[PDB]
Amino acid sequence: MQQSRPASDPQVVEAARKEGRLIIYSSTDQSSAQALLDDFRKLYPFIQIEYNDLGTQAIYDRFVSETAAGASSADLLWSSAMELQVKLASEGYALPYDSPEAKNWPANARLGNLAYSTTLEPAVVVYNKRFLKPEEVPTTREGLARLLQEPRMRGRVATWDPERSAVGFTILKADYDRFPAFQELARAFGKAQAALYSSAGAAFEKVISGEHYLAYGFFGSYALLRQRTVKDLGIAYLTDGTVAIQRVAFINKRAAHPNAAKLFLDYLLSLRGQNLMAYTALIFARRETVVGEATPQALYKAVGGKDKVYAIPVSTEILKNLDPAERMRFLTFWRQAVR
C-alpha cells in the first residue's frame, strides 16, 4: 500500500535513519498496539522499537523521575491519562512539532504543536443481553435513572470508582460538568447499590457472568474488543449526549531519537495508522475519514449526530480536574449520591 505512506519531511526520515531507535512509554496494551508497531517497522525497517506498556500513573512518575535525574527516558509518550499528559506537555516536557498528518485536527484535539489526540473514545452503556434486551436499555441518563429504580436492578449495576480510577474520575466528572441529568443518575446508582470498579476488566467480568446486568461509563473501544468474543455483551450509545476521551501523544523535549518519534507520531495520526488502529485494535479513531465500527462517523450515527459528542479536549482547560476545590465539589456530590 505505497499510496497510503504518512506525509514525511525527507530531512526527518534521514535523521531517523541515523537514530535507528524509538523508545515509547504507552498505556496501550502491547497486544492491541502490536499491529501498528509491525506496520510502522514495514514502513521504516531501519528503526528498532522499545515499547514499554505501563499504567498511566507509572508513565507520569517514571518520566518525571528520569527527567529530574537527567537520565535517558522515552522518545514518545502515549497515554489515556489526559490530564497527566496535558500537564507534562504544558510544563516543558514536550518537543514542539507541527505534524503534517494533523493539518485538519480540530483545535480541541491538539495542544498547539505540543501534543495530539490519537483517539475519540466514547463512554457507553454495556449490558448482558441474556438479562436486558436491547429495546429496554435506555439511551439517556434520565431513562437509566428510571431503570435503576426497579428492584430487579438492585446490585446489578457497575460503574467507575472515580476515587480509585483516574480515567474513571475524568469521564464521570465530564458527565457531571456537562449534563444536569447526571445528578439524577448518580442518585439512582445509590438506589440500585451500584458496584464501583477501578478497572473495566473487573467491571466487565461481573456483567459477562450476569452478576451485574449493566455497566455505565466504560469505553466503547474495550467494549467492542470484549464483544468480538462475548456475543451476550450489548453496547448502547447515549443519545442525550456522549462524552469521549482522547489518548494523548507527545514527543519528549529531551528525546534521544526525536526524528524517529516524529515519524511514529505522524504514523499514529495518519489515515494508515488510524485505519489499522480501528480495524485491528477496535480503538475508536480520532481521524474523521476512517471507515468502520470504531470510528467517528459510526459514533456520530449511533448518538444521532456529531453535535451530541462532547470530546474532552486536549487543552490545559482540563487541568481544572486537578484543582483540589473542583475535585472536592464533585467527589462530595458523588459520594453522597452513590452511598
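Position 1 is the first residue in the sequence shown; the rest follow in order.
Chemist: Return whichever of 260-268 and 206-214 has the greater mean Cα B factor according to the PDB record.
Modeler: Stretch with the higher mean C-alpha B-factor: 206-214.
Chemist: Quick check on the record: does 112-120 or 235-243 carry the larger mean Cα temperature factor?
Modeler: The stretch with the larger average C-alpha B-factor is 235-243.
Chemist: Check the PDB entry and point out which of 161, 135, 101, 83 has the largest C-alpha temperature factor.
Modeler: Highest CA B-factor of the listed options: 135.
Chemist: Quiz for you: based on the deposited Cα B-factor, which of 290, 68, 309, 282 is highest?
Modeler: If I rank 290, 68, 309, 282 by C-alpha B-factor, first place goes to 68.
Chemist: When the deposited Cα B-factors of this chain's modelled residues are ordered and cut into thirds, is residue 107 in the lowest, the middle or the highest one?
Modeler: It belongs to the lowest third of the chain when residues are ordered by C-alpha B-factor.
Chemist: Give the position of residue 91 by CA B-factor within its chain, expressed as the lowest, middle or highest third.
Modeler: Lowest third, going by the recorded CA B-factors of the chain.
Chemist: Of the three thirds of its chain by CA temperature factor, lowest, middle or highest, which one includes residue 316?
Modeler: Bottom third by C-alpha B-factor.
Chemist: Just say lowest, middle or highest third for the CA B-factor of residue 230 relative to the other modelled residues in its chain.
Modeler: Its C-alpha B-factor, which the entry lists for residue 230, ranks in the highest third among residues of this chain.
Chemist: Please place residue 193 in the lowest, middle or highest third of its chain by C-alpha B factor as given in the entry.
Modeler: It belongs to the highest third of the chain when residues are ordered by C-alpha B-factor.
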